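Trainee: Could you have a look at this structure, given as structure tokens, before my questions?
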Amino acid sequence: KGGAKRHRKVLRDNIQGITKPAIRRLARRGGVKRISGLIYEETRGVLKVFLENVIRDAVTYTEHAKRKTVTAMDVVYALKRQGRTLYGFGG
Amino acid sequence: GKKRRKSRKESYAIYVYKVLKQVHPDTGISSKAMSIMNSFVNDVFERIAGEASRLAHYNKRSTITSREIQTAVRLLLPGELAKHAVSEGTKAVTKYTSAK
Amino acid sequence: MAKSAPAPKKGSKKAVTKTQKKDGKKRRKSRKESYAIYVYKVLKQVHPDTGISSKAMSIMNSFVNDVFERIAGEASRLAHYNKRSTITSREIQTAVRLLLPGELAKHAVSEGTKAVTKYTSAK
Amino acid sequence: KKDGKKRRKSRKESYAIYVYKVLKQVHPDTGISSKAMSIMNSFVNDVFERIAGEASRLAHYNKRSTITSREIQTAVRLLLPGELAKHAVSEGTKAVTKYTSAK
Amino acid sequence: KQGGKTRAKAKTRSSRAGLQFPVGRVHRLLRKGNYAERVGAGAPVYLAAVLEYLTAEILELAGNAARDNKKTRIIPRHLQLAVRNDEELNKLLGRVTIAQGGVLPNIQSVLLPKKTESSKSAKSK
Amino acid sequence: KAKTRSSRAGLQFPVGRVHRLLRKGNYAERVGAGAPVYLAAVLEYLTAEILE
Amino acid sequence: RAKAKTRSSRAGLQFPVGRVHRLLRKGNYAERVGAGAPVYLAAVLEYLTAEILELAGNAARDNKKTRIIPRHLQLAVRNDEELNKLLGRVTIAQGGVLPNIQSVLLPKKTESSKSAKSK
Amino acid sequence: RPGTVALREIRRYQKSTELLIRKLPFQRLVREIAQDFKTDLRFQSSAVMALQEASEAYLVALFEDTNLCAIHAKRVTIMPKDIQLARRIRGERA
């Protein structure tokens, strides 16, 4: 399946891969007894905006290093700058 | 010495007034607003300079060039502000290149 | 047991396969500075019968680097605030009271004062 | 050049200066009084007698006929509660290495 | 002068105060970060002493948490338990995210129905 | 001396003062000439827009 | 040919390690003694002396005093449970008593609720 | 009639550019807090106003957060519950 072979509709569906059981585990880990129906859609939306802000900083770091491959250092710089510092990868 | 208390106070207030008299020539500024503007300009410089220094250390270069700040400008400024600031930054360097 | 100061041996260990023995070798990677040996060593003194995993060690390695950036970064902030260019012991001590909370700063300052006195009054 | 003045030079067995010295290391700007120093002097003597007594009993029980760090390490665990025993053992291990490391 | 001599000064590691962490590596890292124009020898020694105490303190509490979980090797869960146990450690490591960590067993009271679950008027709906 | 660096680039903010602060802050071991001119233009642009 | 460094300074300690060596032999605790005993014992004593003095200074700060007096010693050795077990039976000269009151002794009959300033 | 001029207070206070906390009690308040940490501290006219402005703006920002907590619970008043929740969610409490 070489070449472009790109099919792109007006909508997107890869976000929906994160489904109710995936959301349910996080809700239970946070102690939430029950979760409403529309929270599943909002949680997917919260994931989208949170990821978008992180990648914006990380992309700038990656290109400044003339790198075509993302590394743990690049995502740490974006996370540390935004305040959500991660320990465990890189250093 | 004779009455020498000219300690250099790094203030942008006079320069903020001058650019104010160019965007809106028939306008005035108050000293209290200049104090806020002076602190705001200095803080923005510190953020960009602090961001720029980190980028140099990340690439194991420890050298600051327009590429480092342009990346730093894109990092913090929003989409609309950064793209206009990048063009202004690109305009300044390309105009300074053809000089003397 | 001969001199090796000349530049030609400063950069070497290329994989040109000019080998007489000990075939297995590679190129000198950038030194990813880590504190694993020190973290493990201090762990045994406080808890001889306690182990640790690699994942925790990597977490600690990032912890020291992040903390060191925080304390030294804050130390450089007030060095410029008081118009000073040399940082020996007062900038960090003042930064310790800034960065670390009440009880944590007390332990850091007390041990730091003991450390500098132990470092001096000798040699 | 001989003794000359004498008859009042005795009783060096007091830990007053060492208690004062460790106080300044942890708290440089605080003071102390002789009444408090006497209790610290009594505290060190009482604690040492209890520790050394425990070490002496262990040597007799096991017929080792010697006292080393192992005997005190056992004694430290016996006398001190868990939080204090852990720190004391760590300090003993920390100090032992430095002495053996170099002259 | 250039007179040959034996080792008069202490020819030991720069952590002469009994510290185990290398103050020398902290010194060059301070120069690497360009924090100050002039860096004294006191700063790397003081920084290592704070770091050495911090490294030892966390591992001491992590080992205690490991004993609660009945484990010999310290895992990230034990480290996270120590950080979130005391307020001083929690405040310092507030918004940090640990790798392979867990969640402390905190539960709200409103989520446990225990008082006559049958009903509020009698023994059934 | 007939013209300054700020006037050459068309900027009103002092590019040299930004250069001095960059050297003062010890951000980098060495500083490129294209760095302060870019930073000054961005700083000047933000000041003009807010005042606008 | 001289006393360049002392055993206390060699091990990085301040307490008289050499004195402990003589004291261990003075008490006839064993036929022979080892080199590891005085250094292990001195470090243990230093930790105990410093920690109580560190707690005494904190107690002095709460009492608005800078010179450590025997009152501050008594307060420190009764608050912590670990120090309570060791020094429970021993008595402190010139020391006071912790402010402890039972529930039946308050004005209200068997009631212990009070303002959040000391409890 | 109750609550009518409260809306009127919104119009005046949100275009007034002044400080609401009395300055003299605040002047003695900063001295008391600073004195316990260290003794013999001299203040400045700019220092008092700078410290007061940050505190007042923090309260205004906090009160706005508690306002959204009241409407969430079908309420119009700020109970102490609103302030406690806002401090925890914003992360300022710990």
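Residue numbers start at 1 in each chain; chains themselves are named A, B, ... in the order of the structure tokens; ligands are numbered from 1 in the order shown.
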Write out as a VMD selection string which residues come within 10 Å of residue 86 (chain H) when counting only C-alpha atoms, dropping same-chain ones fewer than 4 positions away.
Mentor: chain H and resid 62 to 69 81 to 82 90 to 93
Trainee: For chain B, list the residues within 9 Å of chain E, counting only C-alpha atoms, and write the list as a ChimeraX atom specification.
Mentor: /B:53,57,62
Trainee: Fewer than 2 positions away in the same chain doesn't count, so skip those; otherwise give me all residues within 12 Å of region 40-47 of chain H, counting only C-alpha atoms, as a compact mmCIF listing (two decimals) with N, CA and C atoms, in the first residue's frame.
Mentor:
```txt
# COMPACT_ATOMS: atom_id res chain seq x y z
N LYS H 23 -5.80 51.24 54.80
CA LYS H 23 -4.35 51.22 54.64
C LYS H 23 -3.63 51.18 55.99
N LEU H 24 -4.14 51.90 56.99
CA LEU H 24 -3.47 51.92 58.29
C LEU H 24 -3.50 50.57 59.00
N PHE H 26 -3.58 47.73 57.54
CA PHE H 26 -2.65 46.93 56.75
C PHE H 26 -1.20 47.33 57.04
N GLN H 27 -0.97 48.61 57.32
CA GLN H 27 0.39 49.06 57.64
C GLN H 27 0.90 48.40 58.91
N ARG H 28 0.05 48.29 59.93
CA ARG H 28 0.45 47.60 61.15
C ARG H 28 0.45 46.08 60.95
N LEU H 29 -0.29 45.60 59.96
CA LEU H 29 -0.40 44.16 59.76
C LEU H 29 0.88 43.58 59.17
N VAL H 30 1.49 44.28 58.21
CA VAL H 30 2.73 43.80 57.61
C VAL H 30 3.86 43.81 58.63
N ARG H 31 3.87 44.79 59.53
CA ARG H 31 4.91 44.84 60.56
C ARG H 31 4.83 43.64 61.49
N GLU H 32 3.62 43.25 61.90
CA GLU H 32 3.46 42.14 62.83
C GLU H 32 3.96 40.83 62.22
N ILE H 33 3.60 40.58 60.96
CA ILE H 33 4.02 39.35 60.30
C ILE H 33 5.53 39.34 60.10
N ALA H 34 6.10 40.47 59.68
CA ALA H 34 7.53 40.52 59.39
C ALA H 34 8.36 40.47 60.67
N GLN H 35 7.83 41.02 61.77
CA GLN H 35 8.62 41.11 63.00
C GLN H 35 8.93 39.73 63.57
N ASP H 36 7.98 38.80 63.48
CA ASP H 36 8.20 37.47 64.03
C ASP H 36 9.34 36.75 63.32
N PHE H 37 9.42 36.89 61.99
CA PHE H 37 10.50 36.25 61.24
C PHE H 37 11.85 36.86 61.60
N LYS H 38 11.94 38.19 61.56
CA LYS H 38 13.15 38.90 61.95
C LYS H 38 12.77 40.23 62.58
N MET H 49 2.29 49.73 49.60
CA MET H 49 1.31 49.77 48.52
C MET H 49 1.47 48.59 47.57
N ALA H 50 2.72 48.21 47.27
CA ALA H 50 2.95 47.06 46.40
C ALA H 50 2.44 45.77 47.04
N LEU H 51 2.67 45.61 48.35
CA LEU H 51 2.19 44.42 49.04
C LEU H 51 0.67 44.41 49.13
N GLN H 52 0.07 45.58 49.38
CA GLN H 52 -1.39 45.65 49.50
C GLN H 52 -2.07 45.36 48.17
N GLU H 53 -1.52 45.89 47.07
CA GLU H 53 -2.15 45.71 45.77
C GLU H 53 -2.20 44.25 45.36
N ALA H 54 -1.11 43.51 45.60
CA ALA H 54 -1.09 42.09 45.26
C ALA H 54 -2.09 41.31 46.10
```
Trainee: Pull the strand (DSSP E) assignments for chain C out of DSSP run on the backbone, and list those residues as a PyMOL selection string.
Mentor: chain C and resi 51-52+86-87
Trainee: Contacts between chain A and chain C, please, where a residue of chain C counts if it comes within 8 Å (with only C-alpha atoms); show its shortest atom pair and distance in Å to one decimal, rows by chain and ascending number, as a Markdown table.
Mentor:
```
| residue | atom | partner | partner_atom | distance |
| --- | --- | --- | --- | --- |
| C:32 | CA | A:91 | CA | 7.6 |
| C:33 | CA | A:91 | CA | 7.8 |
| C:34 | CA | A:91 | CA | 7.5 |
| C:55 | CA | A:88 | CA | 6.8 |
| C:56 | CA | A:88 | CA | 7.5 |
| C:58 | CA | A:88 | CA | 5.3 |
| C:59 | CA | A:88 | CA | 4.1 |
| C:60 | CA | A:88 | CA | 7.7 |
| C:61 | CA | A:91 | CA | 6.0 |
| C:62 | CA | A:91 | CA | 4.6 |
| C:63 | CA | A:87 | CA | 6.6 |
| C:65 | CA | A:91 | CA | 6.5 |
```
Trainee: What are the residues of chain E lining chain H at 10 Å or less? Count only C-alpha atoms, and put the answer as a VMD selection string.
Mentor: chain E and resid 87 to 88 90 to 92 94 to 95
Trainee: For the residues in that selection, give me C-alpha atoms as a PDB file, in the first residue's frame.
Mentor:
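Done, and the output landed in selection.pdb:
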```pdb
ATOM      1  CA  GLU E  87       3.188  18.247  53.619  1.00  0.00           C
ATOM      2  CA  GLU E  88       6.721  19.641  53.274  1.00  0.00           C
ATOM      3  CA  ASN E  90       4.165  17.430  48.945  1.00  0.00           C
ATOM      4  CA  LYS E  91       4.434  21.227  48.733  1.00  0.00           C
ATOM      5  CA  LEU E  92       7.901  21.134  47.160  1.00  0.00           C
ATOM      6  CA  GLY E  94       3.527  19.791  43.999  1.00  0.00           C
ATOM      7  CA  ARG E  95       2.785  19.595  40.276  1.00  0.00           C
TER       8      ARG E  95
END
```
Trainee: When DSSP works through the backbone of this structure, what residues of chain F end up as alpha helix (DSSP H), shown as a VMD selection string?
Mentor: chain F and resid 5 to 9 15 to 24 34 to 51
Trainee: Which chain C residues are at most 12 Å from chain F (counting only C-alpha atoms), as a ChimeraX atom specification?
Mentor: /C:73,76-81,83-85
Trainee: Write out, as a short mmCIF file (atom, residue, chain, number, x, y, z; two decimals), in the first residue's frame, the residues just selected, with C-alpha atoms.
Mentor:
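Wrote it out as selection-v7.cif, contents follow:
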```cif
data_model
loop_
_atom_site.label_atom_id
_atom_site.label_comp_id
_atom_site.auth_asym_id
_atom_site.auth_seq_id
_atom_site.Cartn_x
_atom_site.Cartn_y
_atom_site.Cartn_z
CA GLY C 73 18.81 28.90 39.09
CA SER C 76 21.67 33.16 40.35
CA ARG C 77 18.46 35.21 40.55
CA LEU C 78 19.24 36.92 43.86
CA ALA C 79 22.93 37.25 42.97
CA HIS C 80 21.88 39.80 40.34
CA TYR C 81 19.23 41.26 42.66
CA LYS C 83 24.35 43.38 42.43
CA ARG C 84 26.82 40.56 43.10
CA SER C 85 28.92 38.49 40.71
#
```
Trainee: Would you pick out the contacts of region 33-37 of chain F at 7 Å or less, using only C-alpha atoms, so that residues sharing its chain but fewer than 2 positions from it are not included, and give the list as a PyMOL selection string?
Mentor: (chain B and resi 64-66+69+92-93) or (chain F and resi 15+18-19+31+39-41)
Trainee: For those residues, write N, CA, C and O atoms to a file as a PDB file, in the first residue's frame.
Mentor:
```
ATOM      1  N   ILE B  64      23.836  32.284  21.670  1.00  0.00           N
ATOM      2  CA  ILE B  64      22.515  32.837  21.401  1.00  0.00           C
ATOM      3  C   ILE B  64      22.566  33.592  20.082  1.00  0.00           C
ATOM      4  O   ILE B  64      23.377  34.511  19.913  1.00  0.00           O
ATOM      5  N   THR B  65      21.697  33.202  19.151  1.00  0.00           N
ATOM      6  CA  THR B  65      21.636  33.797  17.822  1.00  0.00           C
ATOM      7  C   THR B  65      20.154  33.980  17.495  1.00  0.00           C
ATOM      8  O   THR B  65      19.301  33.492  18.245  1.00  0.00           O
ATOM      9  N   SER B  66      19.826  34.686  16.407  1.00  0.00           N
ATOM     10  CA  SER B  66      18.430  34.962  16.082  1.00  0.00           C
ATOM     11  C   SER B  66      17.605  33.686  15.963  1.00  0.00           C
ATOM     12  O   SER B  66      16.391  33.713  16.191  1.00  0.00           O
ATOM     13  N   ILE B  69      16.299  32.810  19.602  1.00  0.00           N
ATOM     14  CA  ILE B  69      15.226  33.680  20.073  1.00  0.00           C
ATOM     15  C   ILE B  69      13.965  33.486  19.242  1.00  0.00           C
ATOM     16  O   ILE B  69      12.848  33.526  19.770  1.00  0.00           O
ATOM     17  N   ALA B  92      13.861  43.183  11.118  1.00  0.00           N
ATOM     18  CA  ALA B  92      14.935  43.938  11.754  1.00  0.00           C
ATOM     19  C   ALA B  92      16.309  43.423  11.338  1.00  0.00           C
ATOM     20  O   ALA B  92      17.213  44.216  11.050  1.00  0.00           O
ATOM     21  N   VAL B  93      16.487  42.102  11.301  1.00  0.00           N
ATOM     22  CA  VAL B  93      17.800  41.542  10.991  1.00  0.00           C
ATOM     23  C   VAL B  93      18.147  41.764   9.523  1.00  0.00           C
ATOM     24  O   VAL B  93      19.290  42.096   9.183  1.00  0.00           O
TER      25      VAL B  93
ATOM     26  N   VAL F  15      18.829  48.451  21.001  1.00  0.00           N
ATOM     27  CA  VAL F  15      19.317  47.089  20.811  1.00  0.00           C
ATOM     28  C   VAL F  15      20.582  46.854  21.629  1.00  0.00           C
ATOM     29  O   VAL F  15      20.810  45.751  22.141  1.00  0.00           O
ATOM     30  N   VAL F  18      19.769  45.961  25.233  1.00  0.00           N
ATOM     31  CA  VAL F  18      19.382  44.556  25.310  1.00  0.00           C
ATOM     32  C   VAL F  18      20.617  43.666  25.263  1.00  0.00           C
ATOM     33  O   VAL F  18      20.703  42.655  25.971  1.00  0.00           O
ATOM     34  N   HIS F  19      21.596  44.032  24.431  1.00  0.00           N
ATOM     35  CA  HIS F  19      22.842  43.276  24.370  1.00  0.00           C
ATOM     36  C   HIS F  19      23.577  43.316  25.704  1.00  0.00           C
ATOM     37  O   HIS F  19      24.113  42.297  26.156  1.00  0.00           O
ATOM     38  N   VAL F  31      27.572  35.512  22.337  1.00  0.00           N
ATOM     39  CA  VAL F  31      26.342  36.114  21.842  1.00  0.00           C
ATOM     40  C   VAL F  31      26.516  36.489  20.378  1.00  0.00           C
ATOM     41  O   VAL F  31      27.511  37.109  19.989  1.00  0.00           O
ATOM     42  N   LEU F  39      15.406  40.169  19.353  1.00  0.00           N
ATOM     43  CA  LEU F  39      14.701  40.337  20.619  1.00  0.00           C
ATOM     44  C   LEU F  39      14.135  41.745  20.756  1.00  0.00           C
ATOM     45  O   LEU F  39      13.009  41.926  21.233  1.00  0.00           O
ATOM     46  N   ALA F  40      14.903  42.757  20.346  1.00  0.00           N
ATOM     47  CA  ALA F  40      14.431  44.134  20.449  1.00  0.00           C
ATOM     48  C   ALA F  40      13.216  44.371  19.561  1.00  0.00           C
ATOM     49  O   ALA F  40      12.271  45.061  19.963  1.00  0.00           O
ATOM     50  N   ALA F  41      13.223  43.811  18.349  1.00  0.00           N
ATOM     51  CA  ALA F  41      12.095  43.992  17.442  1.00  0.00           C
ATOM     52  C   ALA F  41      10.822  43.374  18.009  1.00  0.00           C
ATOM     53  O   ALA F  41       9.742  43.970  17.925  1.00  0.00           O
TER      54      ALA F  41
END
```
Trainee: What's the 12 Å shell around residue 116 (chain C), counting only C-alpha atoms, without same-chain residues fewer than 6 positions away, as a ChimeraX atom specification?
Mentor: /C:88-90,93,109-110,122 /D:25-26 /E:14-19,23,41-50
Trainee: Give me the residues near region 68-71 of chain A as a compact mmCIF listing (two decimals) with N, CA, C and O atoms, in the first residue's frame, where near means some atom within 12 Å (using only C-alpha atoms) and where sequence neighbours in that chain fewer than 6 positions away do not count.
Mentor:
```txt
# COMPACT_ATOMS: atom_id res chain seq x y z
N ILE A 55 2.38 19.69 22.35
CA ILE A 55 3.10 19.44 21.10
C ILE A 55 3.60 20.74 20.49
O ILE A 55 4.66 20.77 19.85
N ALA A 58 6.83 21.34 22.04
CA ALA A 58 7.77 20.26 21.71
C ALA A 58 8.22 20.34 20.26
O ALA A 58 9.38 20.04 19.95
N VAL A 59 7.32 20.73 19.36
CA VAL A 59 7.68 20.84 17.94
C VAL A 59 8.78 21.89 17.76
O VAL A 59 9.73 21.68 17.00
N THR A 60 8.66 23.02 18.45
CA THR A 60 9.67 24.07 18.34
C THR A 60 11.03 23.58 18.84
O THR A 60 12.06 23.89 18.24
N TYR A 61 11.04 22.82 19.94
CA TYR A 61 12.30 22.27 20.44
C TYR A 61 12.91 21.30 19.43
O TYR A 61 14.12 21.30 19.21
N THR A 62 12.07 20.45 18.81
CA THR A 62 12.58 19.43 17.90
C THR A 62 13.22 20.06 16.67
O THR A 62 14.30 19.63 16.23
N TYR A 77 11.29 19.19 27.94
CA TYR A 77 11.42 20.64 27.90
C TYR A 77 10.05 21.31 27.81
O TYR A 77 9.79 22.31 28.49
N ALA A 78 9.17 20.77 26.97
CA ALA A 78 7.81 21.32 26.87
C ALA A 78 7.04 21.11 28.17
O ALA A 78 6.34 22.01 28.63
N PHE A 89 12.06 9.79 32.60
CA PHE A 89 12.65 9.69 31.28
C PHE A 89 13.56 10.89 31.06
O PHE A 89 13.11 12.04 31.15
N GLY A 90 14.82 10.62 30.76
CA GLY A 90 15.79 11.67 30.53
C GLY A 90 16.44 12.18 31.81
O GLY A 90 16.03 11.85 32.92
```
Trainee: Find the residue from G:118, G:62, G:24, G:79 that sits nearest to chain H; use only C-alpha atoms when measuring.
Mentor: G:62
Trainee: What gap, in Å, lies between CA of residue 86 (chain C) and CA of residue 30 (chain F)?
Mentor: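 A separation of 19.8 Å between them.
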Trainee: With distances taken over only C-alpha atoms, which of C:4, C:30, C:102, C:19 is nearest to chain B?
Mentor: C:30
